[PDB]
Amino acid sequence: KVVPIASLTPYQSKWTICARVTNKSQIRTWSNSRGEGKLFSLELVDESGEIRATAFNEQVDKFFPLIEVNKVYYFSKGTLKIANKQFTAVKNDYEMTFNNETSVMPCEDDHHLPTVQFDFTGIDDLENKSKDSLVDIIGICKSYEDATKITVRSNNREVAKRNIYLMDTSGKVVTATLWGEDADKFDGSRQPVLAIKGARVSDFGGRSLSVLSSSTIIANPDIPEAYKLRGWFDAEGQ
DNA sequence: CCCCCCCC
């Protein structure tokens with residue numbers, strides 16, 4: 001029986017949520033001073049709230065191919081505990097981890113559950129944010145560059161890299177780096193309003209941003225401050 | 001249990 005995400009608490013292992021996926025990761029392996037394994041993570045949203053959920057190893061195999069982004073599912077039992085704020089933009093005290101107990105059945109998208117949500121920081125306000133801290137931002141993609149292939153000696157990877165320059169009603173332009181696939185797909189033609197959840201702050205250049213693979217980019221967010229942006233921009237931004 | 005996200 002279905003409770004909101006707002007209600008979920010480590011003190012009660014009996015719960016079902018009807019949540020829609022807003023972010024699914026790809027499967028990633030790790031190995032360290034502690035452990036070995038693979039995982040993928042999700043970000044969920046309902047009418048009450050949002051939550052990050054992560055499946056490991058044997059659930060990654062169960063569940064990776066049964067969950068896709070933008071769809072609505074019942075999630076039933078997982079592991080809850082304090083969110084590591086360091087590593088998310090997601091707005092919850094806790095954080096779910098699948099287990100052998102987890103069930104994931106498809107739920108009806110008839111209650112229209114919402115889409116990504118954001119807690120924005122003005123591009124003029126990033127001066128007051130810390131390096132490595134995660135931000136949410138909305139901006140006109142004033143301009144963008146072609147993608148290039150960076151070469152990472154530290155770990156031996158050749159990554160796609162695409163810089164984009166984002167401006168908001170303050171006239172402050174911030175450089176933002178896309179990586180990998182993102183760097184490759186992105187087309188900012190007609191200068192769209194982008195809303196990016198969980199972009200990571202960087203100090204290169206004073207303040208810039210790095211769009212991580214955990215970040216969630218919405219091309220023309222159907223949200224009030226996007227019309228507010230295009231409005232200004234087609235006037236003062238010109 | 002991850003939590004790396006790269007470069008100038």
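Reckoned from all heavy atoms, side chains included, excluding hydrogens, waters and symmetry mates. Below, chain A is the first sequence line, B the second, and so on; all start at residue 1.
A close approach under 4.0 Å does occur between a side-chain nitrogen or oxygen of A:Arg28 and OP1 or OP2 of B:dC3. Between A:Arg200 and B:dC5 there is a side-chain N or O to OP1 or OP2 distance below 4.0 Å. The phosphate of B:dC5 (OP1 or OP2) has no side-chain N or O of A:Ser214 nearer than 4.0 angstrom. Distances shown here put a side-chain N or O of A:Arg34 below 4.0 Å from the OP1 or OP2 atom of B:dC2.
A:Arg153 has its CZ atom 12 Å from the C1' atom of B:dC6, to the nearest Å. Regarding A:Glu181, its CD atom lies at a distance of 19 Å from the P atom of B:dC5, rounded to whole Å. Here B:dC5 presents its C1' atom at 12 Å from CG of A:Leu134, a figure rounded to the nearest Å. Note: CD (A:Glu95) to P (B:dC1) measures 8 Å, nearest angstrom. Remark: P of B:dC5 and CD of A:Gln86 are 11 Å apart, rounded to the nearest angstrom. What separates CZ of A:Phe56 from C1' of B:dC1 is a distance of 5 Å, to the nearest Å. Atom CG of A:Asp203 is separated from atom P of B:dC7 by 13 Å (rounded to the nearest Å). Between A:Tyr165 atom OH and B:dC8 atom P the separation is 15 Å, expressed in whole Å.
By the rule that hydrophobic residues join a cluster once side-chain heavy atoms approach within less than 4.5 Å of another member, A:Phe63 and A:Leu80 end up as members of one cluster.
Taking every side-chain heavy atom of A:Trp30 into account, B:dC3 is the closest of B:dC4, B:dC3, B:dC7. In this structure, the nucleotide among B:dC8, B:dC1, B:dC2 sitting nearest to the side chain of A:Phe204 is B:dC8.
A salt bridge is defined here as a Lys NZ or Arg NE, NH1 or NH2 lying under 4.0 Å from an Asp or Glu carboxylate O, and A:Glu43 with A:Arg20 fails to meet this definition.
Checking A:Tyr144 against A:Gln191 by side-chain atom types alone, no donor-acceptor pair falls below 3.5 Å. A:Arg52 and A:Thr54 are linked by a side-chain donor-acceptor pair at a separation below 3.5 angstrom, with hydrogens and angles left out of the test. Checking A:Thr216 against A:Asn23 by side-chain atom types alone, a donor-acceptor pair falls below 3.5 Å.
Nucleic acid contact for A:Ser210: sugar-phosphate only, since backbone atoms but no base atoms lie under 4.0 Å from a heavy atom of the residue. Contacts of A:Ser215 with the nucleic acid, taken as non-hydrogen atoms under 4.0 Å apart, are absent. Among the protein residues, A:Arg52 comes within range of the nucleic acid bases, having at least one heavy atom under 4.0 Å from a base atom. When heavy atoms are screened at a 4.0 angstrom cut-off, A:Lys81 is found touching the sugar-phosphate backbone but no base atom.
Residue-nucleotide stacking is not present for A:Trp179 and B:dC5, judged by a side-chain ring centre under 5.5 Å from the six-membered base ring centre and planes under 30° apart.
Taking ring-centre separation below 5.5 Å and interplanar angle below 30 degrees as the test, the adjacent bases B:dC4 and B:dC5 pass.
Residues A:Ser202 and A:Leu212 both approach DNA chain B. Their nearest nucleotides, taken by heavy-atom distance, put A:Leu212 toward the 5′ side.
Taking the ring centre of A:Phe64 as origin, the terminal cationic atom of A:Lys24 falls inside the region bounded by 6.0 Å and 45° from the ring axis.
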